[PDB]
């Protein structure tokens, strides 16, 4: 069930892109275009998610002048590496982690499609990519098959791909931590904090899950054999912040997605709202109030990391 979320996320993102929510010429190479009608509330939610996460990544890249690493944990078919390259934003090295099966799928897409492999090769120090098995390693981009609940495997394979614990490092978990136990996600967060002197962590996932709407969401996901093993932490923005502060992080900010959406520039909101008609604002408000964007920093005072916002 948990691996299946990668496909769902990719399917939803490509669909939103096809309607014009944001620009992504790469996602087509990793997933088919869904053909059925969706709630516009869902597309707006995906846009807010992607925008918020992107804003935070770009703020980190500005503060570090791109002299840094990005590690995307549970990255699925994310295209952020290619989209950043196009914007002339390239970290020193960009790392992705997912289950071996998911990584195999992603490497197959890259190997089959020159629009994906070429940009990687352009920046590499060799005239070829070694992509056998569950690892792609290159100068500026690595994709690693590892179970995030096995921290020894995670660290070993990241270090095999020359992850440098001395660079300011941004770690991202976009709709990932909720699938592991509270102990497993806490251990991951603590591992990250212990590993890096100067760091930032972005967590996007559910929030306010104790109410009826949240209980219904949980059961709809348990109905598809996909348990929200970490949903306890999604009680509130407070429980989200506490998990960060109690596992080695120095700062913790969190916002629900409705507030984020309400704080978007007027131009972005007008553009977004132009794409599809939405009849009842309350379904939207409800959905947006049950997701959150959280970020934590440590050792960032010289870089001004605690000043980063969405």
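Residue numbers count along the first chain shown, from 1.
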{"item": "Which of 223-231 and 210-218 has higher mean CA B factor, as the PDB entry lists it", "value": "223-231"}
{"item": "Greater mean Cα temperature factor according to the PDB record, 144-152 or 131-139", "value": "131-139"}
{"item": "Which of 164, 203, 79, 236 ranks first by CA B-factor in the deposited coordinates", "value": "164"}
{"item": "Candidate residues 262, 69, 251, 34, the one whose C-alpha B factor the record puts highest", "value": "34"}
{"item": "Where the record places residue 301 (Cα B-factor, split into thirds across the chain)", "value": "highest"}
{"item": "Lowest, middle or highest third - CA B-factor, residue 46", "value": "lowest"}
{"item": "Ranked against its chain, the third holding the CA B-factor of residue 255", "value": "lowest"}
{"item": "Chain thirds of CA B-factor: placement of residue 284", "value": "highest"}
{"item": "Cα B factor band for residue 53 (lowest, middle or highest third within the chain)", "value": "lowest"}
